[PDB]
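*Asks:* Here it is, the structure in full.
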Amino acid sequence: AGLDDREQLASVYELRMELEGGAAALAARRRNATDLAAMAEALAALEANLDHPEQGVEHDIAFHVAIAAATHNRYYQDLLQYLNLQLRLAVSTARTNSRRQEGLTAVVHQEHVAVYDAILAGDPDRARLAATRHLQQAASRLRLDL
Amino acid sequence: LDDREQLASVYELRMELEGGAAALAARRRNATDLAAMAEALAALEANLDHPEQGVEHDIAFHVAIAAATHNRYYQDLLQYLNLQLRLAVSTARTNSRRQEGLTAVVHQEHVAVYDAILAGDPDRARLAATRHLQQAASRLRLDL
Ligand SMILES: O=C(O)CC[C@H](O)C(=O)O
Ligand SMILES: O=C(O)CC[C@H](O)C(=O)O
Ligand SMILES: [Cl-]
Ligand SMILES: [Cl-]
Ligand SMILES: [Zn+2]
Ligand SMILES: [Zn+2]
Numbered sequence: 084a085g086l087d088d089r090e091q092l093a094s095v096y097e098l099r100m101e102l103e104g105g106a107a108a109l110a111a112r113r114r115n116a117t118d119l120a121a122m123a124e125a126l127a128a129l130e131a132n133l134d135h136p137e138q139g140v141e142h143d144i145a146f147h148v149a150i151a152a153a154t155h156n157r158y159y160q161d162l163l164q165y166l167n168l169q170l171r172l173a174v175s176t177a178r179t180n181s182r183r184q185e186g187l188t189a190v191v192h193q194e195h196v197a198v199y200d201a202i203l204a205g206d207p208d209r210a211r212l213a214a215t216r217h218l219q220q221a222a223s224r225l226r227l228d229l
Numbered sequence: 086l087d088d089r090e091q092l093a094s095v096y097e098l099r100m101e102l103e104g105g106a107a108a109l110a111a112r113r114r115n116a117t118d119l120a121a122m123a124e125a126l127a128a129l130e131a132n133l134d135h136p137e138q139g140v141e142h143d144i145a146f147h148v149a150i151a152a153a154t155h156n157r158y159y160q161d162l163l164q165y166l167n168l169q170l171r172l173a174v175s176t177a178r179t180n181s182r183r184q185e186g187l188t189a190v191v192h193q194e195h196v197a198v199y200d201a202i203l204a205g206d207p208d209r210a211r212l213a214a215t216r217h218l219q220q221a222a223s224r225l226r227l228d229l
């Protein structure tokens, strides 16, 4: 049936909330200094992209992919790769929408930072919470009604 | 034997994928989903006597829960990981036949997931599904 429709979009964030919540938990328990570099590298790129958010798309996906790689679980990275088009459709639709309200992108940036600090700090439940919050808020900014 | 580390990563991933699916199914299941899960449980109940195709009926049970999410990406990922599922399930079920009343204990773990989903209790569903994988990982002496 093809996969750009809004039911699709709600399904993507629905799946992300589980998959990326779990991945953040494992990452907080298993991340090495290389993983943290990969996450901070993506954040720094996003910080420079706050003014113009269509280049932010790849850096946004890249931040979440690094979180998946920080699980040290071979299967998690593959699932995110297998879903890369769905990730893009969700991340792209959202970053367009949030450039509409002033400063909203700076606010979304801190949703990412919150996931990074929790994973740095070693706290799995804090990491899972922050990751499910970036997504819940992203879906709610899009009125998806999960 | 030397594949403990890879079975643990499968069970690790299943725990997040299937916990989330079971909670989703508890919210969205319909009467067709219930029948599909219940028929699978009945097939697994019969396989206590004859072990043939028990792996397929176990997997068909977890696949049915994924269908009951009514989110197409849960089914795709489980189909995508079918080979990993088969290797874990078949490893676990042969190991479980080795101890006398073990496979009946496992059958109750499956039932408990269906019961939570039938009740429409997503937190209960999520815990039932992950307890099943945890205990299955314990039975295999893996260390998440
Ligand atoms: O919601 C936004 O403004 C950006 C999208 C978010 O970063 C995501 O990963 O889906
Ligand atoms: O642990 C067992 O004996 C059964 C394994 C379980 O059904 C599974 O889904 O992996
Ligand atoms: Cl950002
Ligand atoms: Cl069973
Ligand atoms: Zn994001
Ligand atoms: Zn099972």
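Protein chains in written order, with the entry's author numbering: chain A, 84 to 229; chain B, 86 to 229.
Where a beta carbon is used, it is the ideal one built from N, C-alpha and C, also for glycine.
#1: I need the DSSP call for A:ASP200, collapsed to helix, strand or coil.
#2: Can you round the beta-carbon distance between B:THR188 and B:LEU133 to whole angstroms, since I take them to be within the 8 Å contact cut?
#3: Residues of chain B with CB closer than 7 Å to the CB of A:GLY105, please, in chain order.
#4: Using a Cβ-Cβ distance cut-off of 9 Å, determine whether B:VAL95 contacts chain A.
#5: Go through its chain and collect everything with a Cβ distance to B:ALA106's Cβ below 6 Å, but skip five positions before and after it.
#6: Which whole-angstrom value is the C-beta distance of B:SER181 and B:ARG224, which I expect to be below 8 Å?
#7: How many whole angstroms separate the CB atoms of A:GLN219 and A:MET122, which I take to be in contact at a CB cut-off of 8 Å?
#8: At which residues does the alpha helix (DSSP H) containing B:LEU212 begin and terminate?
#9: Decide yes or no for the touch test of the segment 112–131 of chain B against the segment 198–206 of chain B: beta carbon pairs closer than 8 Å, at least 3 of them.
#10: Would you kindly check if the distance between the Cβ of B:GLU97 and the Cβ of A:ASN156 is under 9 Å?
#11: Tell me which same chain residues have a C-beta within less than 7 Å of the C-beta of B:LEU126, skipping the five on either side of it?
#12: Compare the Cα-Cα distances from A:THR176 to each of A:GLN193, A:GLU137, A:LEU163 and report the closest residue.
#13: Just to confirm, does B:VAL191 get its C-beta within under 8 Å of one of the non-hydrogen atoms of ligand 2?
#14: Taking a cut of 7 Å between CB atoms, which residues from the segment 145–164 of chain B lie near chain A?
#15: Does DSSP put A:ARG157 in a helix, in a strand, or in coil?
#16: Could you give the DSSP three-state label for A:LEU98: helix, strand or coil?
*Replies:* In short:
#1: Three-state DSSP puts A:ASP200 in a helix.
#2: Confirmed, Cβ separation roughly 6 Å.
#3: Correct list: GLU101.
#4: Put simply, the CB of B:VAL95 is near chain A, with a gap under 9 Å to one of its CB atoms.
#5: Cβ within range, chain order: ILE150, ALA151, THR154, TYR159.
#6: Your pair B:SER181 and B:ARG224 checks out as a contact, with CB atoms roughly 6 Å apart and the cut at 8 Å.
#7: In this structure A:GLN219 does not touch A:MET122 by the C-beta definition: roughly 20 Å separates them, more than the 8 Å allowed.
#8: For B:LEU212, the enclosing alpha helix (DSSP H) starts and ends at 207–224.
#9: Short answer: they touch.
#10: Yes. Within cutoff.
#11: Cβ-Cβ distances below 7 Å link B:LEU126 to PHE146, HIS195, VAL196, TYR199 in the same chain, with the five nearest sequence neighbours on each side left out; the list follows chain order.
#12: If we check each option's Cα against that of A:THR176, A:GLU137 comes out closest.
#13: For ligand 2, at least one heavy atom lies less than 8 Å from the Cβ of B:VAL191.
#14: When C-beta distances to chain A are compared with 7 Å, the residues of the segment 145–164 of chain B below that value are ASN156, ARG157, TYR158, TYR159, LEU162, in chain order.
#15: A:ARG157 falls in the helix class under three-state DSSP.
#16: In this structure, DSSP gives A:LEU98 a helical state, which the three-state scheme calls helix.
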